[PDB]
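Before any questions on how it binds or moves, here is one chain, the form deposited in one PDB entry, in structure tokens.
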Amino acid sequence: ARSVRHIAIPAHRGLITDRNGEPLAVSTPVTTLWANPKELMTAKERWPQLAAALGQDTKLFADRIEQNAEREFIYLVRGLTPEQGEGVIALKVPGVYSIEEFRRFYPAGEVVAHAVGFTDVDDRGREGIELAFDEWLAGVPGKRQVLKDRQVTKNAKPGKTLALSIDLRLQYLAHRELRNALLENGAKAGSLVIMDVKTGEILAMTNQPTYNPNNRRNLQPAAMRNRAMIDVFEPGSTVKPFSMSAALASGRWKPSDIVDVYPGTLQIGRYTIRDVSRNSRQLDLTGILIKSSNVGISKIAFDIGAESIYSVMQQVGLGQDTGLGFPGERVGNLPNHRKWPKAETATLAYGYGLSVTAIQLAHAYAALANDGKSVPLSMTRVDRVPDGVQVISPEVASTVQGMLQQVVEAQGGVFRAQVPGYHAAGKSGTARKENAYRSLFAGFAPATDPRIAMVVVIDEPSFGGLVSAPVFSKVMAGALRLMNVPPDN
């Protein structure tokens, strides 16, 4: 006879904003027209008109309805504009019932595709923050009891608003400047991360290529890769500052100390360490960074032991889980030994023989920039800064800052990374993913009182000091002014 069923009341997905309340993802009303074939089978004369008004072809339409003649349920079309929802309801065709639904809209579109991600066909997070805070954002559906035609038991609770760490103004600046860089250098891909060194907040994350999450018809997986969180690479010279941090915490090294790197090579039994530039004998510790001397950093590493270097790299988060619970986040690899031989010691010190993400590197540069105090990474607005872990002594961190300032400013330095108005600090490198090439720059500013850490990755520009550095310069200048950071020069 008659029958009692239940249909679930969809929940309104929580609003996602940038840190200033700029909407980044919004649940917009749509309508999903369904039908009762049993009843539809009674109004076959109306089908061509229905069909046309569903874009569906006349005969393909009717084939469908006939095939499913017995089924009392079938969707016709998911999520139309509520107004086309009338275009069909204006035909009042028997067997045609309708659900009220939400579809996501992304006002900033491609600018913040990866960080925000997108929902699937069921209004479920499938990428980015949409997946990562799916529970917080997805409400709790309600339930209605339906009298099967031959009271609401609990009404739906709405999802909660989420304010991200992203500053949409710095995001636009980063998106633009990394797009321009890729075209000028004719590169395949790239990431740029901007981090608040005090709060752990990700102020900007951008990858190229990007996509419009509002129109994913011709989506490609290369476009959807959140590179900053999933591409792992050997950081090269960009981790030498952590090697130097251990040098200075050893008791055995100070910045004015000299190393002889003549003749730009060093035999390690069978191995040969080889410098990218071999026009040096005596270098101070700053010189070792300015020249990116692998012989220099290797000799210091032999003197202090790999353990001390490995320990700093671990404490600043390299090859460690970020705790950001994003979907396909790669952890990379900070490999350990009982007995570190010379080759493994040297390759760690000059930043081959580990793998890191752009996010991890920026996090580590944040720690150093924050006078050696690690703060947990956040993709949500931080209101109450958690207590940091003091992973490098303030004094060592201060010393390494000044050295990195000289890397950018000193003669022979990475002059294309200077930020006009401010003193900036950082280090270029030439990473490996065969073995792929990326140009890196990693830095923070202002050098004497840091606020912002930044990493730039540029995949196969068809050097870090030549390619990534000028992007760091342009984007840092803008970030600092957008954040009303006072010039320190």
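Throughout, we count residues from 1 along the sequence that is shown. Definition used throughout: the rigid core is the maximal C-alpha set that superposes within 1.5 Å between two forms.
The protein also exists as the form deposited in another entry; that form is not presented, and the subsequent description refers to it.
- Among the candidates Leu334, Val276, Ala343, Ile74, displacement between this form and the one not shown reaches 2 angstroms at the C-alpha for one position only, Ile74 (superposition on the rigid core).
- In this overlay on the rigid core, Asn180 has a C-alpha that sits less than 2 Å away from its partner position between this form and the one not shown.
- The two forms, fitted on the rigid core, differ between this form and the one not shown by 2 Å or more at the CA of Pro37.
- The Cα shift for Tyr422 between this form and the one not shown, taken after rigid core superposition, is smaller than 2 angstroms.
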